[PDB]
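Working notes, beginning with the structure itself.
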Amino acid sequence: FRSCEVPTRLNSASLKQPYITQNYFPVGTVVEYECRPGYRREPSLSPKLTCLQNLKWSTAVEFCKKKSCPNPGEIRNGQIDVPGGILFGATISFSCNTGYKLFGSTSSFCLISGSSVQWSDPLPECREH
């Protein structure tokens with residue numbers, strides 16, 4: 001007649017495990033949480049969304065935070081340009097020092113929606129010609 005509904009929703013958290021089925025949960029289910037790309041949980045504790053008593057799933061705090069891109073690092077013989085922030089979905093432009101020609105790329109992308117905070121194309125080259 002009732003059963004547990006669309007489970008609890010946290011600031012960036014969403015169920016990881018095929019615990020769910022997410023159809024009709026009978027009251028009494030401990031489920032586990034997954035943070036979205038570019039998020040970190042709280043200090044990583046009891047990740048327990050129980051279907052409690054009153055189809056009112058149990059505790060729900062803030063099991064996420066955020067993981068933004070941690071700087072594309074530094075290129076070489078030259079330097080790397082950050083227009084004021086390297087968050088998720090960002091990017092840079094490579095600029096070599098004097099006398100050199102960029103032989104690798106003139107940009108690279110911050111993407112998190114694949115393998116967590118990572119960048120596409122690391123060190124190009126700066127080849128003096």
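The way I read the labels, and the way they are meant: chains A, B, ... in the order of the structure tokens, residue 1 as the first residue of every chain, and ligand 1 as the first ligand shown, with later ones counted on from there.
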Contacts of residue A:33 at 7 Å (only C-alpha atoms; same-chain gap of 3+ positions) as a ChimeraX atom specification: /A:13-16,47
Could you write those residues out with N, CA and C atoms, as a PDB file, in the first residue's frame?
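To be explicit, this is the file written out as selection24.pdb:
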ATOM      1  N   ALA A  13      24.850  13.290  -3.699  1.00  0.00           N
ATOM      2  CA  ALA A  13      24.958  11.848  -3.517  1.00  0.00           C
ATOM      3  C   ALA A  13      23.826  11.095  -4.208  1.00  0.00           C
ATOM      4  N   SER A  14      24.165   9.922  -4.733  1.00  0.00           N
ATOM      5  CA  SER A  14      23.210   9.078  -5.439  1.00  0.00           C
ATOM      6  C   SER A  14      23.650   7.619  -5.384  1.00  0.00           C
ATOM      7  N   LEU A  15      22.683   6.725  -5.232  1.00  0.00           N
ATOM      8  CA  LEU A  15      22.956   5.345  -4.846  1.00  0.00           C
ATOM      9  C   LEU A  15      23.945   4.685  -5.797  1.00  0.00           C
ATOM     10  N   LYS A  16      24.918   3.980  -5.227  1.00  0.00           N
ATOM     11  CA  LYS A  16      25.921   3.279  -6.024  1.00  0.00           C
ATOM     12  C   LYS A  16      25.453   1.878  -6.379  1.00  0.00           C
ATOM     13  N   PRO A  47      27.571   4.947   5.500  1.00  0.00           N
ATOM     14  CA  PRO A  47      26.875   5.389   4.304  1.00  0.00           C
ATOM     15  C   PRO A  47      25.531   4.694   4.135  1.00  0.00           C
TER      16      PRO A  47
END
Shell around residue A:29 at 10 Å using only C-alpha atoms, local window under 5 positions removed, as a VMD selection string: chain A and resid 4 19 to 20 48 to 52 57 to 58
Minimum-distance residue to residue A:118, chosen among A:71, A:59, A:17, A:95 (using only C-alpha atoms):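 Among the listed residues, the smallest separation from residue A:118 belongs to A:71.
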Nearest candidate to residue A:109 (options A:6, A:45, A:92, A:55; using only C-alpha atoms):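 Ranked by minimum distance to residue A:109, first place goes to A:92.
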For residue A:94, the nearest of the candidates A:7, A:73, A:38, A:114, counting only C-alpha atoms: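 With only C-alpha atoms as the atom set, the closest residue is A:73.
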Atomic distance atom CA of residue A:107 - atom CA of residue A:91, expressed in Å with one decimal: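 Answer for the atom CA of residue A:107 to atom CA of residue A:91 separation: 6.8 Å.
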Long-range neighbours of stretch 75-87 of chain A as a PDB file with N, CA and C atoms, in the first residue's frame, 8 Å cut-off, only C-alpha atoms, 2 positions minimum in chain:
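Everything below was put into selection20.pdb:
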ATOM      1  N   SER A  68      37.076  19.151  -7.475  1.00  0.00           N
ATOM      2  CA  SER A  68      37.359  19.938  -8.674  1.00  0.00           C
ATOM      3  C   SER A  68      38.726  19.577  -9.245  1.00  0.00           C
ATOM      4  N   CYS A  69      38.960  19.943 -10.503  1.00  0.00           N
ATOM      5  CA  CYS A  69      40.240  19.665 -11.142  1.00  0.00           C
ATOM      6  C   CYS A  69      41.375  20.342 -10.390  1.00  0.00           C
ATOM      7  N   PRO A  70      42.390  19.563  -9.998  1.00  0.00           N
ATOM      8  CA  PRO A  70      43.490  20.045  -9.186  1.00  0.00           C
ATOM      9  C   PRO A  70      44.659  20.540 -10.027  1.00  0.00           C
ATOM     10  N   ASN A  71      44.411  21.574 -10.830  1.00  0.00           N
ATOM     11  CA  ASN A  71      45.461  22.192 -11.633  1.00  0.00           C
ATOM     12  C   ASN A  71      46.000  21.209 -12.672  1.00  0.00           C
ATOM     13  N   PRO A  72      46.007  21.603 -13.957  1.00  0.00           N
ATOM     14  CA  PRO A  72      46.523  20.758 -15.041  1.00  0.00           C
ATOM     15  C   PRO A  72      48.030  20.579 -14.966  1.00  0.00           C
ATOM     16  N   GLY A  73      48.598  21.022 -13.858  1.00  0.00           N
ATOM     17  CA  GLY A  73      50.035  20.971 -13.682  1.00  0.00           C
ATOM     18  C   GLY A  73      50.751  21.989 -14.545  1.00  0.00           C
ATOM     19  N   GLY A  89      35.273  20.623 -15.876  1.00  0.00           N
ATOM     20  CA  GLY A  89      34.857  21.179 -17.150  1.00  0.00           C
ATOM     21  C   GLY A  89      35.610  22.445 -17.508  1.00  0.00           C
ATOM     22  N   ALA A  90      36.899  22.477 -17.186  1.00  0.00           N
ATOM     23  CA  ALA A  90      37.740  23.630 -17.498  1.00  0.00           C
ATOM     24  C   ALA A  90      38.749  23.294 -18.586  1.00  0.00           C
ATOM     25  N   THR A  91      39.781  24.123 -18.703  1.00  0.00           N
ATOM     26  CA  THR A  91      40.753  23.987 -19.781  1.00  0.00           C
ATOM     27  C   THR A  91      41.802  25.091 -19.725  1.00  0.00           C
ATOM     28  N   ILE A  92      42.905  24.884 -20.433  1.00  0.00           N
ATOM     29  CA  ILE A  92      44.014  25.826 -20.426  1.00  0.00           C
ATOM     30  C   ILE A  92      44.495  26.116 -21.843  1.00  0.00           C
ATOM     31  N   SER A  93      45.460  27.022 -21.956  1.00  0.00           N
ATOM     32  CA  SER A  93      46.192  27.213 -23.201  1.00  0.00           C
ATOM     33  C   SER A  93      47.693  27.223 -22.946  1.00  0.00           C
ATOM     34  N   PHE A  94      48.410  26.382 -23.681  1.00  0.00           N
ATOM     35  CA  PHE A  94      49.850  26.251 -23.513  1.00  0.00           C
ATOM     36  C   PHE A  94      50.582  27.375 -24.236  1.00  0.00           C
ATOM     37  N   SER A  95      51.560  27.973 -23.565  1.00  0.00           N
ATOM     38  CA  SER A  95      52.398  28.985 -24.194  1.00  0.00           C
ATOM     39  C   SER A  95      53.867  28.741 -23.879  1.00  0.00           C
ATOM     40  N   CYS A  96      54.657  28.489 -24.918  1.00  0.00           N
ATOM     41  CA  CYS A  96      56.065  28.172 -24.737  1.00  0.00           C
ATOM     42  C   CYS A  96      56.874  29.431 -24.463  1.00  0.00           C
ATOM     43  N   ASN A  97      58.129  29.236 -24.093  1.00  0.00           N
ATOM     44  CA  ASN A  97      59.057  30.337 -23.912  1.00  0.00           C
ATOM     45  C   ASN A  97      59.532  30.844 -25.276  1.00  0.00           C
ATOM     46  N   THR A  98      60.535  31.715 -25.289  1.00  0.00           N
ATOM     47  CA  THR A  98      60.952  32.361 -26.527  1.00  0.00           C
ATOM     48  C   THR A  98      61.814  31.436 -27.377  1.00  0.00           C
ATOM     49  N   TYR A 100      60.674  28.868 -29.167  1.00  0.00           N
ATOM     50  CA  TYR A 100      60.134  27.520 -29.243  1.00  0.00           C
ATOM     51  C   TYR A 100      58.823  27.493 -30.018  1.00  0.00           C
ATOM     52  N   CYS A 110      39.836  19.931 -18.723  1.00  0.00           N
ATOM     53  CA  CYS A 110      39.433  19.273 -17.489  1.00  0.00           C
ATOM     54  C   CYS A 110      38.109  18.542 -17.676  1.00  0.00           C
ATOM     55  N   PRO A 122      48.191  15.959 -21.208  1.00  0.00           N
ATOM     56  CA  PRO A 122      49.308  16.511 -20.433  1.00  0.00           C
ATOM     57  C   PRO A 122      50.388  17.099 -21.325  1.00  0.00           C
ATOM     58  N   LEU A 123      51.617  17.121 -20.819  1.00  0.00           N
ATOM     59  CA  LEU A 123      52.690  17.877 -21.446  1.00  0.00           C
ATOM     60  C   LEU A 123      52.665  17.725 -22.959  1.00  0.00           C
ATOM     61  N   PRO A 124      52.497  18.840 -23.680  1.00  0.00           N
ATOM     62  CA  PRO A 124      52.840  18.915 -25.097  1.00  0.00           C
ATOM     63  C   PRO A 124      54.347  18.819 -25.281  1.00  0.00           C
ATOM     64  N   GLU A 125      54.865  19.486 -26.300  1.00  0.00           N
ATOM     65  CA  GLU A 125      56.267  19.854 -26.305  1.00  0.00           C
ATOM     66  C   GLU A 125      56.449  21.291 -26.744  1.00  0.00           C
ATOM     67  N   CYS A 126      57.608  21.838 -26.421  1.00  0.00           N
ATOM     68  CA  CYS A 126      58.018  23.120 -26.949  1.00  0.00           C
ATOM     69  C   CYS A 126      59.332  22.974 -27.704  1.00  0.00           C
TER      70      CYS A 126
END
Å distance separating atom CA of residue A:43 from atom CA of residue A:18, one decimal place: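 One can read the atom CA of residue A:43 to atom CA of residue A:18 distance as 23.4 Å.
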Interatomic distance, atom CA of residue A:74 to atom CA of residue A:115 (Å, one decimal):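 Result for atom CA of residue A:74 versus atom CA of residue A:115: 20.7 Å, one decimal.
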Distance query residue A:37 at most 7 Å, only C-alpha atoms, self and fewer than 3 positions along chain excluded, as a PyMOL selection string: chain A and resi 112-113+116
Limited to N, CA and C atoms, could you put the picked residues into a file as a CSV table (one decimal), in the first residue's frame?
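So the final result, stored in again00.csv, reads:
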chain,number,residue,atom,x,y,z
A,112,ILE,N,35.7,15.4,-15.7
A,112,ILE,CA,35.6,14.6,-14.5
A,112,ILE,C,34.6,13.5,-14.8
A,113,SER,N,33.7,13.7,-15.8
A,113,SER,CA,32.7,12.8,-16.1
A,113,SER,C,33.2,11.6,-17.0
A,116,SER,N,37.0,10.4,-13.1
A,116,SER,CA,37.3,11.3,-12.0
A,116,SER,C,38.2,12.4,-12.4
Nearest candidate to residue A:25 (options A:119, A:88, A:1, A:39; using only C-alpha atoms): A:1
